[PDB]
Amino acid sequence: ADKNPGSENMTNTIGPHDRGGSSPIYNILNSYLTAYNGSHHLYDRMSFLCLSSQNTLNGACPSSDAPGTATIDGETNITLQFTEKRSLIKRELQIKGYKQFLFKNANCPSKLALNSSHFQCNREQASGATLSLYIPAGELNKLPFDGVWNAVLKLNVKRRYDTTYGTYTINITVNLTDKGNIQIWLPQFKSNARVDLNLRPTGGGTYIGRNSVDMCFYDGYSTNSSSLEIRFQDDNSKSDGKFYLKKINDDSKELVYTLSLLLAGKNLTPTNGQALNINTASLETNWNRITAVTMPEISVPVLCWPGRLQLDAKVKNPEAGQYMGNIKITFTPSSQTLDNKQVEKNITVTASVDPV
C-alpha cells in the first residue's frame, strides 16, 4: 500500500461501441492509487495538472495549483483531442477527472478538482491520494465518423506548490462502429441494379460482351477492418465455378461469362461460389457519399473501399431468345469480437441475341 508517485504509462481501450445507442460512461481510472505513505505526510497534497490550459493536444485543464486556500470540490473538465486513424480527422472530447484523499485514521472521501488545495480530515493530514478519470455518458456520439480514435492524455503529478514527481501518459483508443450501415453501395442504382452484357457479333458465329458495375464496400468502421470477405454466387449448383445466364423460357439453354473485380487497387477474379478473403492493409480508400441503409436515403460521406466489377462474355453457339442471370454479392468485414451478419447485393444481368 506504500507507493511513491512518479511517471507512468498506460493504455486504455474503449468499445467497440456501436452508434446504435447512447454511449455509457467509460472508466479510464477508478480511484487509482497515485501516492501513499504510512509514516510521513509528504503526499498530503497531491495535485494533477494539464500541460496546458489551452492546447488540447494532450488534454487542456487547469495547469497551475489553484491559488485559493479553500478546496475546489467536484470534478475537473479536461478537453482532449482525438485523432481518427484512417482519415486523420480530429475532434475534441470532454474527459472528467478528480482526486480523492486517503487518511490513516479518518475518512473524507470527498471529490476534489485535480488542481485543488488540500484539507485535513478531523485534523489529520492525508497520507496519499487516488485519481479517477472517466468519459461521460454520450460523449462518443460527438465523434463525427466511425473508426478508431486515438488521444494521448498527459497529467503532471506533483506535490502542490512543490516538486513535480512525474507525468502520467494515458493512451486512449476509442473504437466506434456503425454496423447497421455496413453495406455494398451501388453509386448507380437506387434499389436494384441491372445491366446488359452488350452482346456484339463479329468474326463468324462468335459473340462479344462487356459491361461493368461500380461499387463501394463499407465496413461501418472507416475501413479499420483488418480484412474482408467477399463472394459472388449464382444459383446454378455446379463445381464448375462459372457464371451462366439462362434464357427466360427453357432450362439449360445458357451462355457463360466471367467476372473480374478491381478492388481498391487490387485485381481479382472471383469464381462462382468461392469467397475471397482480402487483407485490407494494402487497399486504397475513397470518400464517398452513401445513402444510410436503415433510415431514409439521405447520404452521408464515409471512407470506403472502391470497386469495379467487370463482366466479360464471349460465346459461340448461343441460342435465339433472351438471357438473364443474377449475381449475389455478399460481404462480411472482419470483426474484433463478434461476426458481422453478412450483407448482400443482387445484380440482375441481361443478354441480347440478335437474329439478322
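Just count from 1 along the sequence shown to find any residue number.
Going by the B-factors listed in the PDB entry, is the mean over the C-alpha atoms higher for 11-19 or for 343-351?
Taking the mean B-factor of the alpha carbons in each, 343-351 is higher.
* Asked: Taking the recorded C-alpha temperature factors, which stretch has the higher mean, 322-330 or 35-43?
  -> The recorded data point to 322-330.
**Item:** Candidate residues 286, 198, 132, 76, the one whose C-alpha B factor the record puts highest
**Value:** In this record, 198 carries the highest C-alpha B-factor of the candidates.
Take the CA temperature factors straight from the PDB entry and tell me which of 247, 179, 266, 118 peaks. Of the options given, 247 has the highest CA B-factor in the PDB entry.
Consider only the C-alpha atoms of the modelled residues in this chain, order them by B-factor as the entry records it, and name the third containing residue 147: lowest, middle or highest. Answer is lowest: the recorded C-alpha B-factor places it there.
Q: Check where residue 67 lands among this chain's C-alpha B-factors and tell me if it's the lowest, middle or highest third.
A: It belongs to the middle third of the chain when residues are ordered by C-alpha B-factor.
### Query
Split the chain's modelled residues into thirds by Cα B-factor; is residue 294 in the lowest, middle or highest one?
Tercile = highest for this residue's CA B-factor.
Please rank the C-alpha B-factors of the chain's modelled residues and tell me whether residue 236 sits in the lowest, middle or highest third.
As the PDB entry reports it, the C-alpha B-factor of residue 236 lands in the highest third of its chain.
Lowest, middle or highest third: where is residue 125 by C-alpha B factor in its chain?
Ranked within chain, residue 125 CA B lands in the lowest tercile.
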